[PDB]
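K.L.:
kindly generate the corresponding structure for this input.
(chains A, B, C, D, E, F and G, ligands or ions: 3)
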Amino acid sequence: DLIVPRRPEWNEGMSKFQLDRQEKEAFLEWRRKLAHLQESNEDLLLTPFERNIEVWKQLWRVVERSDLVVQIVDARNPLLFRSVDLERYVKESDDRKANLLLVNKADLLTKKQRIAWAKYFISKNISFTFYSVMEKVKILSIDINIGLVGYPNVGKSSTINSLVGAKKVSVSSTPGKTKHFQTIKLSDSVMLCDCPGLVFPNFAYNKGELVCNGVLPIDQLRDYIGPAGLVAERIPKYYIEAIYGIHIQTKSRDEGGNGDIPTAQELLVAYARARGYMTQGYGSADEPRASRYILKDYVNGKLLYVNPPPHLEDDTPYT
Amino acid sequence: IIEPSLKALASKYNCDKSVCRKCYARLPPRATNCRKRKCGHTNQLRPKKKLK
Amino acid sequence: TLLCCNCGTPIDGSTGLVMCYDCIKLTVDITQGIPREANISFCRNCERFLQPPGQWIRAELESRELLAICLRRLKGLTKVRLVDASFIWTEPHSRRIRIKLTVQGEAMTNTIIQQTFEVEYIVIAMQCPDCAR
Amino acid sequence: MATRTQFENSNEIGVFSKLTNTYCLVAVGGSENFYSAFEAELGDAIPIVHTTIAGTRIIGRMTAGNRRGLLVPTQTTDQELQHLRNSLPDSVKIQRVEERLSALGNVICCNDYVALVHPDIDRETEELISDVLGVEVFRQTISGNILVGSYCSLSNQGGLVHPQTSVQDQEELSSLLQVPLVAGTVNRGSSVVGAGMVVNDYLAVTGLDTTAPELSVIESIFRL
Amino acid sequence: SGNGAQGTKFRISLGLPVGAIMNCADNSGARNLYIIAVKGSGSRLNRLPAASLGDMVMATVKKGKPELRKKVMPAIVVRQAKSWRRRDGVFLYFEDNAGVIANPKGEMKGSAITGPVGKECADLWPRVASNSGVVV
RNA sequence: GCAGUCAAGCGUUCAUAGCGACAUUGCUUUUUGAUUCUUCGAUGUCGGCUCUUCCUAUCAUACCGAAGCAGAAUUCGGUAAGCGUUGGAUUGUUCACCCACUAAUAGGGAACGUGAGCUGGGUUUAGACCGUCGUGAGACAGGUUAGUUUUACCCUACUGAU
RNA sequence: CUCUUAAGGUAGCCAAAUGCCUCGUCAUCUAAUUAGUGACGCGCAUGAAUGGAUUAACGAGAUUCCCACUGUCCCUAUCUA
Ligand SMILES: [Zn+2]
Ligand SMILES: [Zn+2]
Ligand SMILES: [Zn+2]
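P.N.:
Residues are numbered from 1 along each chain as shown, chains lettered A, B, ... in the order given. Ligands and ions are numbered 1, 2, ... in the order given. Sure, the structure comes next:
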């Protein structure tokens, strides 16, 4: 119901140590609000958030002076990327405001399925754009500070190139790099405030997650089985067979233990055997190593998949 | 069932004694001077523990 | 169609199960052998805490390597398939850290049960010896 | 009555002993109180015979007997067979079987008037069993556990199975046998119910660890 | 040694030492067991401990049901290939070394034993005899 | 490194069951150091493997005593060194850390035992590569790789043999 | 804006044959790994023909893991010249 606190009452004063005390007290209340959710929503379904205070204290220096912000979000699943409490947040101070949020990274989708998402907004009165009322298919970059903000890794450090395009800040494979906020100035009328790294918590689709598609590092993951299972659920096997060129199984376990569309334990037992990566002590498939190379290809763009917006649909994406 | 007329007797030979703080040797309760030579015939004794 | 064999009354399932949920909650325990309160050391200047022998891990308060150190500490949690190790909120000025743990302990014969239990971590001030116009 | 004892320190009485309406069998490990679970419960009603077939003490899971016959594996010797023929009546027909399995009491769940047999038993023993015991057979399953005589105890008046038994299978075996039964564990949550006990019309025997809520269902289901 | 052993055994020819990788008969999903240790098994310099039939071992699965592997578990060996001697004279052997998963109290995890079983194990471990279908 | 003496206190009360500060007395040469007597017309120099023997400041085993010893389990102490004191991953390792069994997985010495007994992973010649330093030749107790391990037939000792 | 007389490590890469602290941290492999692999990088002291990065094939090159194999080992025995 709430995802961002309030940042009121600047008033152009003094007491450098106290204007951060008041922020600390807005944070103690925010932390208290986060804590009571665990007793409310069962007592196991937690949330992805930044425990550190300095990271949000950094985010609080880069919007009130930004005065106009845009919200990068990938076109893979905006549903868990849409920020819930920005509209309730930057409207009150009666100054330069009104983000008019966006969705982006819209080059990994077919054309008939882009109106399939454009029509999710013709009903509910929401702002948007398609940049990687019907007089619109797709227009490139042609379409006072400002700001850009993203979940983590949505292209905040790759759409710095929308202004000058020379890679003035490093783009990485890991999401955990951007921090200690950066600022970029050009054209002598407009300014930027490139944000630090973010996440944002959530309560729906909490533990049963396909959220690990762009949010978390793939390397230091001790589970390796949940997201791999939800990967194996989708993307029928008669495409992964033809792409990778390997004959895994025929699913002899036709009873009530596995069923069809095999889970992520019989799919990977013959793949590390085809690629020879074997354990340190016995010759057997190392699924905890083989899952990572497949998930990295899943995330980088070798395997594609997009999500139906509002409701129960069996197979919306057609590859 | 020990009938404490007799519990007194068993305690004369078991729990009415005095022990050296330096060799942990059963000595009589009236005596000083631990009879064993390795202690040096010392005088540091104590009663044996009977209550808690 | 069975009966509990301990409480008696309940007719439990046929998936493969054991004595009734109340008895396995009360009598059967699978979290024994852990100190509920765990002591750690800390300095206010160097700010480098340690496991009792160890180089300073250098992590900050309320961080992710606190899980690594707290699990590395000698308890029974390392032995039984941990999962869901989050950090429960605590007062900053109480100087104690609160973390819940879940272990997947096997019941009487090949029947798993979920467990909800908790460990509290108290920290004591130290001068951090190596450290000592 | 469920007279609880341990053989030596093991609560698995259907391993070491066997008991039916004409006799009882026991192993050689002493612990006279264990014998005092029948010598105290029986007068001179029926005998108790002390044997070690094949050098084994595990009478119950090797042998398979009834009121009018005892089935005994191939490995057993004439001298462990001779005392077994003498110190029993002439009623019971003893017969060394010459089949492939050996643990007959882990494949057979026999009472006086029905039986159940492991699926892949020899089709010659399929008829030897009815010629020596006079009983019918139905060689299907228990709950998928091919080992039927270890996961099901039987009297003529009652039955018992493990707790994984599907309620469909329970009523199935009921429709087979015209006996009740319950998904009742034994010896404080054991699944080897055929071995954790040995039952008769008026006598039940478990382990010392076997608990009163198990005695409760046992005396219910077996006595009547 | 007597961690679940009902009786007490004779010495049998110590077949398979540690490092051995013997089949698993039980219906617990496993396929092989890597022996890492033996209960009993006194010490001598450079001697690695060994396991006979009926002995308990402590073991490590290499193939089957990742729920099981990457952890030690007790086990019970029930067939071995080393010709061993019975007091009745004859030297017998099996065609494969094979074992069972078990708990420290001598009980089992599985419901059956896919194959023949040795009398020198089954007399001793009684919970194995109730789950065995064949003995020698 | 080990031990002892006072004993302010801890020890629910209870200095000393156990521990025990402020001070103070010593032992040891399995640490490191100081020194520089011997050896520079050479005493073959890390570790491991193998093998024997010895010491006790005993980890276990035997008989005993004492406890804040009900039992069970533990700790303190004594006579005692007769008997035993492991398999393995990583590391060249000494050292260390973990898995595991076990009654126990105690410490140590014998030219920091043992290279005409082995090995030669390391270090310590020469070839070569990187980093930093230096103008440079070249340096590094920094990292990496490759790199000849000789002889006993004598005397004694020992094992056996006339 | 400046300071040192010039500039102020761009692209790229990494505890790498270059990283003292260091058995760095996280994940993985293992029952257990100072090893190995991937990733992180204020990097004692990486870095662009004092060439950087990637690279199919090749290698009596250095290294780790696996299948097979076996007296390498458990633990020794025997045979021939
Ligand atoms: Zn004295
Ligand atoms: Zn109950
Ligand atoms: Zn400090």
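
K.L.:
from residue A:219, how far off is the residue lying closest to residue A:74 once chain neighbours are set aside?
P.N.:
Leaving aside its chain neighbours, residue A:74 sits nearest to residue A:105 (4.3 Å; criterion: Cβ to Cβ, 6 or more residues apart in numbering or on different chains). Placement of C-beta: from N, CA and C, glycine included. Per Cβ to Cβ, to the nearest Å, residue A:105 is found 22 Å from residue A:219.

K.L.:
which of the two has more neighbours?
P.N.:
Using other Cβ atoms under 10 Å in any protein chain shown, the more surrounded residue of residue A:105 and residue A:219 is residue A:105, with 20 against 10.

K.L.:
next up, the contacts around that one.
P.N.:
A:72, A:73, A:74, A:75, A:76, A:132, A:154, A:155 (Cβ atoms under 8 Å, 6 or more residues apart in numbering or on different chains).

K.L.:
so what's the residue count around the first one?
P.N.:
Burial measure for residue A:72: 22 neighbouring residues, criterion other Cβ under 10 Å.

K.L.:
can you get me a residue count around residue 129?
P.N.:
Defaulting to chain A. By other Cβ under 10 Å, 15 other residues sit near residue A:129.

K.L.:
wrong one, chain E
P.N.:
Number of residues near residue E:129 (other Cβ under 10 Å) recorded here: 31.

K.L.:
again with residue E:92
P.N.:
Applying other Cβ under 10 Å, we find 14 residues neighbouring residue E:92.

K.L.:
what sits against it?
P.N.:
Contacts of residue E:92 (Cβ under 8 Å, 6+ apart): E:83, E:84, E:86, E:136.

K.L.:
now the contacts of residue A:105 in a markdown table, with secondary structure?
P.N.:
Output for the contacts of residue A:105, formatted as a markdown table (DSSP: H, G, I helix; E, B strand; the rest coil):
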| residue | secondary structure |
| --- | --- |
| A:72 | coil |
| A:73 | coil |
| A:74 | coil |
| A:75 | coil |
| A:76 | coil |
| A:132 | coil |
| A:154 | coil |
| A:155 | coil |
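
K.L.:
spatially, what comes nearest to the residue in the stretch 201-319 of chain A positioned nearest to chain E if we skip its sequence neighbours?
P.N.:
With Cβ to the nearest Cβ as the measure, residue A:282 is the residue of the stretch 201-319 of chain A nearest to chain E, at 4.0 Å. Nearest residue to residue A:282 in three dimensions, chain neighbours excluded: residue E:62, at 4.0 Å (Cβ to Cβ, 6+ apart).

K.L.:
where does that neighbour land in three-state SS?
P.N.:
strand.

K.L.:
adding distance to residue E:15, write the contacts of residue A:105 out as TSV.
P.N.:
Converted to TSV, those look like this (distance: Cβ to Cβ, whole Å):
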residue	distance to residue E:15
A:72	66
A:73	65
A:74	60
A:75	64
A:76	58
A:132	67
A:154	62
A:155	64
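
K.L.:
closest one of those to chain C?
P.N.:
Nearest to chain C among those, counting by Cβ to the nearest Cβ, is residue A:154 at 22.3 Å.

K.L.:
now do the contacts for the closest one.
P.N.:
Neighbouring residues of residue A:154 by Cβ under 8 Å, 6+ apart: A:72, A:73, A:74, A:81, A:104, A:105, A:214.

K.L.:
next, give me the two most distant ones among those.
P.N.:
Farthest pair in these (Cβ to Cβ) is A:104 and A:214. Separation: 12.2 Å.

K.L.:
residue of chain E closest to chain A, please.
P.N.:
Closest to chain A within chain E is residue E:62: 4.0 Å, counting by Cβ to the nearest Cβ.
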